[PDB]
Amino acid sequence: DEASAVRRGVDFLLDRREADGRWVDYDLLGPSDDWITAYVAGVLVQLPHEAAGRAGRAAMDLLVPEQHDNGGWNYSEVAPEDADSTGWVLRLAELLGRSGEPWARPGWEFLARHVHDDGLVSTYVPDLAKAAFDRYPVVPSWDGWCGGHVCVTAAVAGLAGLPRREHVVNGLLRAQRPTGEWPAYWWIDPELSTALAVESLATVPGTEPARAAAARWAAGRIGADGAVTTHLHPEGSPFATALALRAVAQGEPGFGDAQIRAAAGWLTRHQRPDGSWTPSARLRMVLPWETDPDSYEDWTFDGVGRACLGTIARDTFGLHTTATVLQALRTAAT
């Protein structure tokens, strides 16, 4: 059942490769290449399917020459390099045992430039993004985009090679809410920041209290049918359900056994006939000057080009959602 679901999701993702092996998704300003390729590849190299591992290693080979002289990678060439995309490439390298190669060093240095004094990691830095930002002079300020972002911090804190890692982990721990979750800047679903945070923190001592509190928050999000329902996905969000499953799985031994089995069953029952899940990786393109996107109520939806700012977008082709779900199904099996 779940083994079959994983196999069918792998076939969906392999069939959606570009001719050269890369994956693309989203449509904000054309699709993303480097970010999405790294993200999909990172899931595939962890699955027990030889073709998945081959495709993930092929993607790592494609990504290395795309590194910018500043050390970073990007959504696509339409965007300045950013810490999250760079972090996904370096994560793929760690998963593959390749993160000691010398091209990783300018990547670590790039990430270190995004570390704030409170320990959070920003998506962009003003000096490195200046050229791109200056192309849109009507924008009054890019300070939101250059502030510390808990979702990006949650992801990159998992890198064993991260510079200043203790400082960053401390900042991530201080951002946990008393109810156990972490907030996200770029994502509608706090399950995303929470799941990445606990998986990243599982790799560091002193974080078990935070992980136990987050697992308890996540287990309460999973309904009796296994689904995490949301305003945009009232029937159940495959993305948020998969991420809540993964956060529960970072509790203590045996914690949330029922919720994990229920969420895995819901995901298995709701897989589409083509092996994917309903696109539900809902990314909010926060306005550049906005530091508090949870307060904004006037989002548009599925905006592109000029209207991409201030919109809630989805993974147009379902690759991000499907990869996210496969990572959760692998976690449930183990």
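Note that residue numbering follows the sequence shown and begins at 1.
Two stretches are in play, 235-243 and 220-228, and the higher mean C-alpha B-factor belongs to 220-228. Per-stretch averaging of Cα B factors for 120-128 and 189-197 places 120-128 on top. By the numbers in the PDB entry, the CA B factor is greatest at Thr203 among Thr86, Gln176, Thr153, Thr203.
Taking the deposited Cα B-factors for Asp82, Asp143, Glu94, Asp257, the highest one is held by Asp143.
Sorting the modelled residues of the chain by their CA temperature factor places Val10 in the middle third. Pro288: CA B factor in the middle third of modelled residues in this chain (values from the PDB entry).
When the CA B factors of the chain's modelled residues are split into thirds, the value for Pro279 lands in the lowest one.
Annotation for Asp315: CA B-factor lies in the lowest third of the chain's modelled residues. Sort the chain's modelled residues by C-alpha temperature factor and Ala249 lands in the middle third, per the entry.
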